[PDB]
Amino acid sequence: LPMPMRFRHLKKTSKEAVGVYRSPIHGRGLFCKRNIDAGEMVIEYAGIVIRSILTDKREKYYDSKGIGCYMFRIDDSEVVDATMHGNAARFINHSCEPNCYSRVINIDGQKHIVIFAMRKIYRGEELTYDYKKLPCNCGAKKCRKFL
């Protein structure tokens, strides 16, 4: 199905497909509630597309208020800030053998970060993607040992 046609009713369908629980990788993570087919559009990484140069001061502000800072790097110029206007996708942890991957899609001139399943994902599994200094806890055989 075409990419804009696939961005269909993600809000309703992701609410039934994924949930947030404690993760053995780190803190809380995103896990699936039902089997997700390979190639399936899982969830949008919801948030505000902001200028990359603004992230330092935004993270400094959040940190000074004891508010967890949730951001996803688009490119060297833009970042999605999911801190205030985010959804469950902000809890997706890194893995060196991920079952998901992140892509920047464009629908009706608007940029959205969407998470896709790389393989069939089975009920109970944690959803992970390769993030674009910090030790890694994915626990995979082929672990890069750093994020």
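When you see a residue number, it is the position in the sequence shown, counting from 1.
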*Residues of the deposited sequence that sit between residue 133 and residue 132 yet are not modelled*: 4 to 9
*Determine, for stretches 21 to 29 and 134 to 142, which one has the higher mean CA B-factor as deposited.*
134 to 142
*Given the B-factors recorded for C-alpha atoms, which segment has the greater mean, 66 to 74 or 97 to 105?*
97 to 105
_Deposited CA B-factor, highest of 48, 41, 89, 113_ = 41
*Split the chain's modelled residues into thirds by Cα B-factor; is residue 82 in the lowest, middle or highest one?*
lowest
